[PDB]
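These notes are about the structure you will find just below.
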Amino acid sequence: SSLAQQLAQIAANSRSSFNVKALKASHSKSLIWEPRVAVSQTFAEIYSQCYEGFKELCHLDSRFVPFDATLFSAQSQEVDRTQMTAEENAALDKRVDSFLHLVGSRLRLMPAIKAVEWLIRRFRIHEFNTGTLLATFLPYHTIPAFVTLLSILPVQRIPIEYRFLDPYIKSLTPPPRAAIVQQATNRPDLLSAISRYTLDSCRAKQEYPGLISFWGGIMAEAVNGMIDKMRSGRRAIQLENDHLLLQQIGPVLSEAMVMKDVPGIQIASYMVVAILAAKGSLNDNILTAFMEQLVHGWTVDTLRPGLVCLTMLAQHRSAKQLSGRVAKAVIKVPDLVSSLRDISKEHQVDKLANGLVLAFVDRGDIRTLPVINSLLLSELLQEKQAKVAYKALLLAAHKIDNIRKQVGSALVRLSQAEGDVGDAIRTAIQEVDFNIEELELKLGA
Amino acid sequence: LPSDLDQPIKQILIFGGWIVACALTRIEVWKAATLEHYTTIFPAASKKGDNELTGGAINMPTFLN
Amino acid sequence: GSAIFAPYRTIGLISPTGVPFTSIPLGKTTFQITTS
Amino acid sequence: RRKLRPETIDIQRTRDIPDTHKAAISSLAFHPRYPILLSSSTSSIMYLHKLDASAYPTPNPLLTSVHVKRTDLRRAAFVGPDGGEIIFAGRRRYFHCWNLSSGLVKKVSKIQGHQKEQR
Amino acid sequence: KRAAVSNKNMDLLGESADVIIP
Amino acid sequence: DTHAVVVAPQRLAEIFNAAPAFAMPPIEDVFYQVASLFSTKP
Amino acid sequence: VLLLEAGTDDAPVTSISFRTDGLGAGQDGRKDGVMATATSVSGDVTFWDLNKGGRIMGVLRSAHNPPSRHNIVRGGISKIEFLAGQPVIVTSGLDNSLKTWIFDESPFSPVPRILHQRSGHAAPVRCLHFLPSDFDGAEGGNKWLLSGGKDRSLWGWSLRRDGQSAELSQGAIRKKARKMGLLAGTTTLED
Amino acid sequence: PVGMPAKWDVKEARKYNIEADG
C-alpha cells in the first residue's frame, strides 16, 4: 500500500478543509464553548466575546496595543489564513508567536483565555502554530485549560518532540511533571524546545516567574537524569558522554548565565551549573570555563547565589588555583569574607578561599593585601592551606626585585595574628626555617 | 608537460578555460579548449622552506582568472 | 612479462592511497565519485 | 590509577589464574611488595602466581606450587610489610611458617600451656 | 561424615604438585 | 579531598514537585534548596 | 570574518567542506552554516555551526580507522566532501574505504548516519581461495573469491560485479565497538 | 513510528557553473 502511504502523507500535510463535514469539525474545535454550540457560531459573535476579553487584557497590560491593530482587528474578522501566500503566512506566524510569548504570563485568566480562543478559532493556531502554542501552555500543564487545549489539538500536527502527550490525549487527563521530565531526559529535542522557547521569550523581556521556575526545574531534573544516564564506568564512553552532554547543554547555559537583564533565569542557570558541577564528574578546564562565565555574568541581584554556585564549582575541582579573571571579579565583590562566612555556615568554602588566596598572591600588584589579610585571618582555610599560602607569600617576597614595605607590613601583622591561624603561621615560619627578625629589622630599619 | 618539470604534481584545478596543476613549488597552467601549455607560475621566497606550495590553489567562484 | 598470465585488474581495492577522490554532479540525480 | 568516583567504577576483567584448584579456595592473599598472588585451597595445595597479563605462553605464570602433607589449608597469609614469611594453617593443631628467603619451613605445634585451649 | 578431599586424593594432588612439605 | 555528590533523584523531584510552576517559591529560595541538597558538608 | 581554534598543534586541520544545503545548524536544524573538517592523523570528522561565533555541534567519531604508527592496519581520512546542495557527506579514508553519511531531517542529528559504504581490506591479503563451483550454475567456479586479510576480516569478492562483494560478518562488531569505548578512543576494532 | 528516516532521494540543487570564471 505504497499509494495509501503517499496519500496518507498528503492528507496529513494538507491544511485547509475540502468537504463540509471537515469544515464543520474544524470550526467546532474550541476552548470555551461546547462543540454543539461552537458549530453554529459566526465570526461576529466570536469576535465580540473575544474582543471583550482582549479589551480586558489590553487594560491589564500596556503592550498589547500593536496586536489591537494587527491581530484583533475588525478586518481580522475576515482574513482566511489559508488564502494568503507563504510570506504573509510567515509574518502572521511571527505575530502569533510574539502574542503567545506576551500572553503566557496571564494565561490563568479568562481574558487571556478568550484572546487565545480568538486566535484558535480564527487563525487556527492549534493547527498552524502547534509548537509555540503547546510550549506556551506547557508551564500550565496542571490546569483544565491545558486539558482542553490537549483535547482540541490535532494528533498529527503536534511536533515529534511533544509526542509523549498521546496517552493524555486518548484519556483526557493532565500530564504530570514526571512524564515531562522523563521525556526531557530521554529526548534532547524536548529539552532544546523548552529552553529555546524560554530563551526566545527572555531575549524579548517577556519573562515571568512561572516560566522561569518551570524551565529551571525541568532543566535541573533533566540534567540530573541525563547525568545518571550518561554515567558508564568505561573511560572512553564516559568521556564521549560528557562531551555529548556539554554539546547538548552549552548554548543554553552559555546564554542564560550571562543574560544580565533577567536575574531569575540567571539564578536558574546557576542552579543547573551547580548540579552539573556537583553530580557530574567533569574536568578542570570545563569548570574554569563555567566559573569564568559566571564571574563575567553576575549582577548585584544574583551575587550571593553566584557565590554559592562558585563555592560548589571551585570545591569540585582537582586543581588548587583559580584562573585569573575569577579572582579579579571576586576582588570586585563588595563583602567577600563576611559573605563567605555566611556561606561556609552551610557549604564548605575552603577550596574556593584557598584558590582565591593563591590567585591573589600570584598578583606584582599591591592592592590585594586587605583581601589577602582578611582571607588569612578569616578562619576559612585549613591549617595546611594556610601554611602553604603563607609560604607562597614569603616566596613572593623573596621573588620581588614600595612593594616590599607593604609586604613586610602584611607579614608582621600575619605573624602577630592572634589565634590558631597565627599559631599555624608561626609554625610555617618554623618549618621554612627562616627567621622573623631578619625581615623584621630589615623592614623596621 | 614542460621539459624542465622534475617535481611531483600535487593537485589539478579546472576553471574558466584553464587547467592548473600545483606541483610542489610550481604551477603549470594549460588552456583547456585547445589543451595547450600557456605559462608557468613561479612563486618566490627568501628562505628555502617557505617556497613550498603546501595546501594548494583554489578558485573563488565569482573571481575572474 | 609472462608467456601465460596477463594482468587483468587489481580487485578488492577502492581507495588505498593518499590521493583524494573527486565528485562531479551528473544532472539532478547522480554523483560520480572518482577514486584512485 | 585514578581516584575513583562514588557511583560507577572502571573495573576491567583481566586474564584469570590458569591453574584451577581441585576444591574450594579457602584463602587468597597478595604480596605487600610485589604483584604476587597466593591462593590456598582445602585440597592441601598453595599456589603462588606472578601477576602478568601480558605473559607468554601462559598469562599469570606460576612461580611455585606447594603441597602441604595431610593439612587442608584453611588460611594462608603474608607476614609483615616486607612480606617475608608465609604462615599457613588448617583444621590441625599446628601451623607452618615458611620463610621466603632461605626457604625454611618451621612447624609450630605448641602454644605454651594453652594447647588444650587450641584444638 | 565426609571430608572434602580425602587423604589419598591429597596424596595424588601432592604427586602432581611441585614442592612437598612433610 | 572531595568527591562527586551522590543524590537520589526522588529528593530533587520532591523539591520541584512540591508545587506547580506558578505558585512555587522564588528562584532564589529554590536555588538554596537545591544547593543545600547538593552541598557536601557533613 | 571568523577565527576558530580548530586544531591541536600536533593534529592540524587538513580537509574542510561546507554544507551548501541551506539548513542544518542552530540547535533546531532550520539554520544554515555547517562546516565539516578532518585531520589526517585522526579518523573523526567535526561539524561546526558557524552562526553565533562558530561553535562545535558534533564530532562523528571513528568514521574510518584511526591511523596508528605501531599497528599494521592503515587508517586516516583522505577527504571530506559535502555534495552540492544535499545533506550527504562523502568521506574517503586511507583504510580502503569510502562511506557516505546523511543528516536526518525530522529529528535533529548533529552527527550524521551512514547510508552508503564500500570497503576492502585495511591490510595486505593473507590467504586466497576461489570458491568451489555451484554444480554447473551461473556462479561457475570463477565468480566468488574468498580472501582472508591481515586485518582479521574474511571478504567474499565477486569478480563479476564489484558491488556484490561483502564481508562475511562475525557479528555486530561495530555495535560491540560502539557499546565499548573502541570508537571514541583497551584494544582496537580489529582486535 | 515518528522520528524514523525516509528513503534517500537526491535533492535537485542548482550549482554555480565555474566554467564561466574565464
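For the protein sequence lines, the chains are Z, U, C, E, X, S, R and W, in the order given. Be aware that the first sequence starts at 23, since it is given in the numbering used here, and climbs by one per residue. Be aware that the second sequence starts at 6, since it is given in the numbering used here, and climbs by one per residue. Be aware that the third sequence starts at 5, since it is given in the numbering used here, and climbs by one per residue. Be aware that the fourth sequence starts at 238, since it is given in the numbering used here, and climbs by one per residue. Be aware that the fifth sequence starts at 15, since it is given in the numbering used here, and climbs by one per residue. Be aware that the sixth sequence starts at -15, since it is given in the numbering used here, and climbs by one per residue. Be aware that the seventh sequence starts at 2, since it is given in the numbering used here, and climbs by one per residue. Be aware that the eighth sequence starts at 1227, since it is given in the numbering used here, and climbs by one per residue. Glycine included, every Cβ here is placed at the ideal spot set by N, Cα and C.
| field | Limits of the alpha helix (DSSP H) - the one that Z/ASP264 falls within | value | Boundaries of the alpha helix (DSSP H) harbouring Z/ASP264: 257 to 278, taken from the DSSP string.
| Proximity below 8 Å, CB of Z/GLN269 to CB of R/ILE57 | Result yes, Cβ atoms of Z/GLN269 and R/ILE57 sit closer than 8 Å.
| query | Grouping DSSP H, G and I as helix and E and B as strand, with all else coil, what is Z/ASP445? | reply | When secondary structure is reduced to three states using DSSP, Z/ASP445 falls in the helix class.
| query | Which residues bound the beta strand (DSSP E) around E/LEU265? | reply | Under the DSSP assignment, E/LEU265 falls in the beta strand (DSSP E) whose first and last residues are 262 to 267.
| task | Kindly identify the DSSP beta-bridge partner or partners of E/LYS343. | result | E/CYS334.
| said: What residue range does the alpha helix (DSSP H) around E/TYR284 cover? | reply: Taken as a continuous stretch (DSSP letters only), E/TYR284 belongs to no alpha helix (DSSP H), being part of the beta strand (DSSP E) at 282 to 287.
| query | If you draw a straight line from the alpha carbon of Z/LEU141 to that of Z/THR164, how long is it in whole angstroms? | reply | Rounded to whole angstroms, Z/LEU141 to Z/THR164 spans 22 Å at the Cα level.
| query | DSSP puts R/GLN118 in a beta bridge; with which residues? | reply | Answer is R/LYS100, bridged to R/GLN118.
| Distance, Cα to Cα, E/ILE262 vs E/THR308? | CA-to-CA, the gap between E/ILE262 and E/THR308 works out to about 14 Å.
| task | Could you tell me how far apart the beta carbons of R/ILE73 and R/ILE81 are, in whole angstroms, since I believe they sit closer than 8 Å? | result | That pair is no contact at about 25 Å.
| request: Output, in sequence order along the chain, the residues in the stretch 419 to 434 of chain Z whose CB is closer than 8 Å to any CB in chain E. | output: Residues: none.
| request: Starting from the beta carbon of R/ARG56, find every residue of chain Z whose beta carbon is closer than 8 Å, and list them in chain order. | output: Going along chain Z in sequence order, the residues near R/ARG56 (Cβ under 8 Å) are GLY272, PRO273.
| task | Any chance you could list the alpha helix (DSSP H) runs of at least 4 consecutive residues sitting entirely within the stretch 75 to 132 of chain Z, in chain order? | result | Those alpha helix (DSSP H) runs which fall completely within the stretch 75 to 132 of chain Z and span 4+ residues are 89 to 92, 108 to 125.
| said: So for S/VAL14, helix, strand or coil by DSSP? | reply: Helix at S/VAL14.
| said: According to DSSP, simplified to helix, strand and coil, what is Z/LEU344? | reply: Three-state DSSP puts Z/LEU344 in coil, outside helix and strand.
| query | Does the distance from the CB of Z/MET293 to the CB of Z/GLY238 come in under 8 Å? | reply | Yes, Cβ-Cβ distance for Z/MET293 and Z/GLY238 is below 8 Å.
| Within chain Z, the residues that E/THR251 reaches when beta carbons sit closer than 9 Å | The contacting residues do not exist; E/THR251 stays about 15 Å from chain Z at best.
| query | Which chain S residues are close to Z/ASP250, counting only those with a beta carbon under 8 Å from its beta carbon? | reply | The answer, in chain order, is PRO(-7).
| said: To the nearest angstrom, how far is the alpha carbon of Z/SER95 from that of Z/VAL87? | reply: Z/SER95 and Z/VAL87 have their C-alpha atoms some 11 Å from each other.
| message | Which residue marks the beginning of the beta strand (DSSP E) containing R/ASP50, and which one marks its end? | response | Counting along the chain, R/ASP50 sits inside the beta strand (DSSP E) bounded by residues 46 to 50.
| request: Please name the residue, chosen from Z/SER400, Z/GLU67, Z/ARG130, Z/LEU374, that lies closest to Z/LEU344 on a Cα-to-Cα basis. | output: When C-alpha distances from Z/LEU344 are compared across Z/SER400, Z/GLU67, Z/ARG130, Z/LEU374, the shortest belongs to Z/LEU374.
| request: Mind the definition here: the stretch 17 to 24 of chain X touches the stretch 272 to 284 of chain Z only if three or more C-beta pairs lie below 8 Å; say whether that holds. | output: No contact exists between the stretch 17 to 24 of chain X and the stretch 272 to 284 of chain Z.
| said: For a cutoff of 8 Å on Cβ pairs, would you count E/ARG238 as touching chain Z? | reply: Any Cβ of chain Z closer than 8 Å to the Cβ of E/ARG238 would place that residue at the interface, and such an atom is absent.
| request: Could you check which residue in R/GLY157, R/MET36, R/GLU140 has the C-alpha nearest to that of R/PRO113? | output: Of all alpha-carbon atoms in R/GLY157, R/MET36, R/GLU140, the one lying nearest the alpha-carbon of R/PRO113 is that of R/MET36.
| Partners in chain X for E/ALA260, counting only beta-carbon separations shorter than 8 Å | Within 8 Å Cβ-Cβ: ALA18, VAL19.
| request: For R/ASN66, count neighbouring Cβ atoms within 10 angstroms of its own Cβ and tell me buried if that reaches 16, exposed if not. | output: Counting of Cβ neighbours within 10 angstroms places R/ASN66 among the buried residues, the total reaching 16 or more.
| query | At a CB-CB cut-off below 8 Å, which residues of chain W make contact with R/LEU116? | reply | Neighbours of R/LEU116 on chain W, chain order: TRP1234.
| field | Beta-carbon proximity of Z/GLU243 to Z/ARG209, cut-off 8 Å | value | Their beta carbons are not under 8 Å apart, which means Z/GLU243 does not touch Z/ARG209 by this criterion.
| task | Could you name the residues of the same chain whose beta carbon sits closer than 7 Å to that of Z/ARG448, not counting the 5 residues immediately before and after it, in chain order? | result | So the qualifying residues of the chain are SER437.
| query | Taking Cβ to Cβ, would you say E/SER277 is nearer than 8 Å to X/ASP32? | reply | No; because the gap between Cβ atoms is not below 8 Å, this pair is not in contact.
| query | Apart from the five residues on each side of it in sequence, which residues of its chain come closer than 7 Å, Cβ to Cβ, to Z/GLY386? | reply | So the list reads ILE422, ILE425, once near-sequence residues are dropped.
| message | Taking CB distances under 8 Å as the criterion, tell me whether R/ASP45 reaches chain W. | response | No - not a single Cβ of chain W is within 8 Å of the one on R/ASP45.
| said: How far does the alpha helix (DSSP H) with Z/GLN288 in it extend, from its first residue to its last? | reply: Under the DSSP assignment, Z/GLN288 falls in the alpha helix (DSSP H) whose first and last residues are 285 to 300.
| field | Where R/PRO111 sits in the DSSP three-state scheme | value | Residue state, collapsed to three classes: coil.
| request: Tell whether a beta-carbon distance below 8 Å holds between C/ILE15 and R/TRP158. | output: Annotated as proximal: C/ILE15 and R/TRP158, with beta-carbon spacing under 8 Å.
| Alpha carbon to alpha carbon, how far is Z/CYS331 from Z/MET313? | Distance between the alpha carbons of Z/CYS331 and Z/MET313: 9 Å.
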